[PDB]
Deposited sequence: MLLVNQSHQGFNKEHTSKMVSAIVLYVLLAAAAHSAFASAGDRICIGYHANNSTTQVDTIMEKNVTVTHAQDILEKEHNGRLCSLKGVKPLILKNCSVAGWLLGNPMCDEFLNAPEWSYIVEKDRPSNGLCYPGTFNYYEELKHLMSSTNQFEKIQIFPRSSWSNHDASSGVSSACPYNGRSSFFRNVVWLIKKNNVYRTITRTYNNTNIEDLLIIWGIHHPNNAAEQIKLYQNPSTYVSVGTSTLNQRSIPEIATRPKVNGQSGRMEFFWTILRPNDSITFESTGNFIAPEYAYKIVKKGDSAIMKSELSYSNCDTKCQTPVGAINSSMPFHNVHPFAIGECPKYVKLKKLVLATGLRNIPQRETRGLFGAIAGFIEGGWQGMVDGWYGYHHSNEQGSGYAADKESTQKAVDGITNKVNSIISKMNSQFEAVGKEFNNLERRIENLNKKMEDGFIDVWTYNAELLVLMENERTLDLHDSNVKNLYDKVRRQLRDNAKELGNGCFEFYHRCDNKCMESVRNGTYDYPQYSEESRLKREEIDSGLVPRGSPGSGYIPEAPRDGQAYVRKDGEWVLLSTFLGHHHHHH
């Protein structure tokens, strides 16, 4: 009829929820979100270094010096490059650009260009380096031409065969770009370069190529029915390059020196620049976040969290919050805040709550050991930077898309399952911890007290604030109340 002690556990006001492999929407005591899902809608600069936003200039446009990309004629250093989905200013004069995508992929490994001149327009004596302009490349008004290459026209009805060498004495790699003109007619050829059969031969310690003009009738594009095929090579230091040509040569006036290699990318965003700083950016926005995961977009540059195709990823830190003298068989105690598991005693003197400090900090330490482990354990999740492919590279494009989405699916599965399988185990680690300290108080006071069936013990010898601490301490001396209790339960047996 008195002097008791109950085993119980923390409950509270929370209603955050987690999931388990078996049961879903389980309400828990505490729970951490590990998935960031919010991004500012702005293109920011990575680690203090601003991107190169090309507005609607294509990279081809940029590198060739399209007459409408004059903004980026001398572009500074860049963290990343943002091209729009379909840039408007590219090859204004129709034609193609060989190994284009392979060139853009090299850019992702470079951070700064120093454009230097090798063949000054002034050096084209014995040819016409002035009239080579067209209405396909208007400046302001009409008819200009790419700024970084020159279109050589016959002069005084002679196109003397050209031979010109340049020597990278620099210590940095050089990017050189040249082209060849594909005219409409047998007549347009003679009119432009006099000689009917021509060729453009370029030479490197690496690169041996001859090009001959494929001459044909075509639909006009941006006004023109002819086309220019463009070529590029990387000339290493101490290496030299030799051009020889009898016509249709589009020669380079400039080259780009690769002054800073390193991490970079080309992102496909129609957004534009804002004045912020970020450690991780995305086609749709930047991310301030210490979360281990995010779900805003597969592509992301910089030191940043790690993308998952999921809508929620919350981890269970505390108890199933099932709030309800009573004991743990009927629910959790709201009246205890000291810890996760603890006791309630009654006695002659008065009642009170007390946490099992030993078990709860071990819980805390063992739960923190898991969450910190999991988050910053497997850091090698498949992060990426995308790439482009041309109209006859479809199979390897798919190969790439197939693989990229392949690892996306694998890692999200890994994340989802770990969260669900660990939510299941912490939730019944808690369950177990409250059972074990129930057993530690019953193996202490043995037949000195009566199992009630609610999680509570009535005593046969009545003990207070020192023996209550003594049962809480794992210190309770059974032989001291041995024969005191024996007399009461021997009295209880008769009446």
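Participant: Tell me, which runs of residues in the deposited sequence have no coordinates at all?
Facilitator: Those parts of the chain that were deposited but carry no coordinates are 1-39, 364-372, 544-586.
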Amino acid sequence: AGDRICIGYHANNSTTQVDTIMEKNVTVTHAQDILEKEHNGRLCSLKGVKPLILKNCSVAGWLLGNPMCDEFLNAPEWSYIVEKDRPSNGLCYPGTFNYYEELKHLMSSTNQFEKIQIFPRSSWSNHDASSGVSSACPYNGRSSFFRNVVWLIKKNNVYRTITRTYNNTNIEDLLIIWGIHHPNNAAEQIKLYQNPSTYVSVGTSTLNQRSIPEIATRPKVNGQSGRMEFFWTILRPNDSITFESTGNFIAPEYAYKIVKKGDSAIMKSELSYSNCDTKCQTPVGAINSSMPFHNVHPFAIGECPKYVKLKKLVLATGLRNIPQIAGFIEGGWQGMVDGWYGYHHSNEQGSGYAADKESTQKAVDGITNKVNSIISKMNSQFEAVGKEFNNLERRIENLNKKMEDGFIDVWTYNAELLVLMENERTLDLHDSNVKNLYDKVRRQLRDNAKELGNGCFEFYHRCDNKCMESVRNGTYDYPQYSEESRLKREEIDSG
From here on, numbers count along this sequence of modelled residues.
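Participant: Between 459-467 and 48-56, which has the higher average C-alpha B-factor in the PDB entry?
Facilitator: Mean B over CA atoms: larger for 459-467.
Participant: Return whichever of 213-221 and 365-373 has the greater mean Cα B factor according to the PDB record.
Facilitator: Stretch with the greater average CA B-factor: 365-373.
Participant: Between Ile325, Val259, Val308, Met403, where does the Cα B-factor run highest in the record?
Facilitator: Of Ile325, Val259, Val308, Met403, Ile325 has the highest C-alpha B-factor.
Participant: Going by the entry, which of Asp409, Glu348, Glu102, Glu188 has the most elevated CA B factor?
Facilitator: Of the options given, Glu348 has the highest CA B-factor in the PDB entry.
Participant: By its CA B factor, does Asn454 count among the lowest, middle or highest third of the modelled residues in the chain?
Facilitator: Ranked within chain, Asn454 CA B lands in the highest tercile.
Participant: Where does the C-alpha B-factor of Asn167 rank in its chain, lowest, middle or highest third?
Facilitator: Tercile = lowest for this residue's CA B-factor.
Participant: Which third of the chain holds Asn66 when residues are ordered by C-alpha B factor: lowest, middle or highest?
Facilitator: For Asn66, the deposited C-alpha B-factor lands in the lowest third.
Participant: In terms of the CA temperature factor given in the entry, to which third of its chain does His182 belong: lowest, middle or highest?
Facilitator: Answer is middle: the recorded C-alpha B-factor places it there.
Participant: According to the PDB entry, is the CA B factor of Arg227 in the bottom, middle or top third of its chain, that is, lowest, middle or highest?
Facilitator: Answer is lowest: the recorded C-alpha B-factor places it there.
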